[PDB]
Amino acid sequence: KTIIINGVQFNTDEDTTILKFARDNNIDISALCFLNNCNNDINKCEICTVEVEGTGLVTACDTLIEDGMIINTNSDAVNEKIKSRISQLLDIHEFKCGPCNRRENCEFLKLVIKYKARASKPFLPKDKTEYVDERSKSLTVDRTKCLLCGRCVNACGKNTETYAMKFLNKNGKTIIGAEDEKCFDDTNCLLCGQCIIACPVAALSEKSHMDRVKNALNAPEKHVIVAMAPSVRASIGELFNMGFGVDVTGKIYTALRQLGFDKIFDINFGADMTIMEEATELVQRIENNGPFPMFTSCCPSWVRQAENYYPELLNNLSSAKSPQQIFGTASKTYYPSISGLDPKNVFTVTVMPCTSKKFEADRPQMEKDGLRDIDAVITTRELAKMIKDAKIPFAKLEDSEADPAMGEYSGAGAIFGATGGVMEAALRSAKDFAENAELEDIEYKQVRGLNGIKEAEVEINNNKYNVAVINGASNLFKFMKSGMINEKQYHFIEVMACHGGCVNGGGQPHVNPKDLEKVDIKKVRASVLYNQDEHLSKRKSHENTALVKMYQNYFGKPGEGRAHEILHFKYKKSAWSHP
């Protein structure tokens, strides 16, 4: 094919869109509703308008190049059309960036600036409460910001195949929302937040826990523990202009101390606890020749997916609490026992790359003797805002260490945040446990990486077992619906709702679509975690020194007795009932 773009001739056999071809050849075309190789098929945004000679104005993002095409991306007519489209979006947009939570990295603001667009009549809503939905424990909607670009609907479809985010006709006007405009929690929604990650503006956000945290910090009698997820240390630096793939663990510890938290622990300690219990459970299932398979239970969006779509699997879920909840349970029991704190005065905060962790922490039964396992969960983004609001110079902070008693972690815990990390971590301990050995070969590269469904054969005590790693909620559906679960007997299956694992969770820093094409965000964030594992002295969860002391002095033997009494949680399908 011979293509001419802005007077430049190209000769190509590529079969692709104008947008993709132009961008591959360093020709600027704007886009808004195009993302994840999809645009908004109904009511296209047309920000990607170009002019094709003999045809007129076309959308570059969904028009294939054809031989003989003569294209102009920057004519007066093209720019007036794009400016008009942005102007019409401003007409439905509460354009007040000052207090907006996307002020620093908004895609729409960049387009408004680029085209110098202005509303025909400013959109100034008197009563915002009609536009805002904060009922969810995890998600919130601010429709005064919504561009009806469809990126959340497309992302939910692709990431989960639930189509829990939908277009709705609300009193004659188009909105996005959950089925029948219900609270997301009351629908089949997984609360994974991939819709937030896809949103170009501040229309979708996490349910704020910021006030819970500040009120607890300011309460004289509260002793506030903070502990961050594996993924936070591989990601939060993005929001401080430090680039991608930067390990900022020590700076986080320092910032949390400067924020006034009273104890600095780490959820990777809870990850090692989860492995203690789950690898022990796997060995008991092996020794009892069932029940198989056992599924991980640490991703609360996967738990919701099982509850909503596969309730017959709930009995197969590991009973070990997630790293967050298992840490939290220990923070109200073991921690007072080594500190003198009144358990009622301990307030446990986690920092997560995840929105469904808020739903998990707020599950009614996730408590004991009136004490919540976890009192507040803030996302990576929320912690970034806290640090900036306190004027803490994050990129310049010196490194500090965590408090050790619930803060040490092994390399197995460190890799939890990548798809296959829980699998690899659990196998390192289950094989030692079952063979009564301290084995040297601990790297299970077969379960790593971005393939959507991964499987491997492992040898445990001179028998062979089959494991699988499901990498993304849509791939859970593919694995089940395609019958893949029945090609062989699976014994242990890891499921994460977010493709790439928690490093790509719904509470993570937004990345604009341009950077997403230069940077493999899922692999670059996960690289921080595998690097920590490679350089840590202890690379198995049962070699964590602070954890071994806690089990010896307080919990006893994992998987039974006291440990099973309080560190476990079982989900039950609803009993049969009609209708």
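The first residue of the shown sequence is 1; numbering continues from there.
Enquirer: Can you let me know which of the two, 107 to 115 or 495 to 503, has the higher average C-alpha B-factor in the entry?
Expert: Higher of the two, by average CA B-factor, is 107 to 115.
Enquirer: Going by the average Cα B-factor in the PDB entry, point out whether 242 to 250 or 346 to 354 comes out higher.
Expert: If you average the C-alpha B-factors of 242 to 250 and of 346 to 354, the larger mean comes out for 242 to 250.
Enquirer: Out of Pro323, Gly290, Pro230, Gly177, which one has a C-alpha B factor higher than all the others in the entry?
Expert: Each of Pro323, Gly290, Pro230, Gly177 was compared by C-alpha B-factor; the highest is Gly290.
Enquirer: Highest Cα B-factor in the deposition, which of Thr160, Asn461, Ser138, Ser235?
Expert: By C-alpha B-factor in the record, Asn461 ranks first.
Enquirer: Within this chain, which third does the Cα B-factor at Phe123 fall in: lowest, middle or highest?
Expert: Tercile = highest for this residue's CA B-factor.
Enquirer: Please place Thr63 in the lowest, middle or highest third of its chain according to the CA B-factor in the PDB entry.
Expert: Middle third - that is where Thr63 ends up once the chain's C-alpha B-factors are sorted.
Enquirer: Would you mind checking where the Cα B-factor of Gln552 ranks among the modelled residues of its chain, as the lowest, middle or highest third?
Expert: For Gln552, the deposited C-alpha B-factor lands in the highest third.
Enquirer: Taking the values exactly as deposited, rank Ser541 by C-alpha B-factor within its chain and report the matching third: lowest, middle or highest.
Expert: Answer is middle: the recorded C-alpha B-factor places it there.
Enquirer: Check where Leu313 lands among this chain's C-alpha B-factors and tell me if it's the lowest, middle or highest third.
Expert: Tercile = middle for this residue's CA B-factor.
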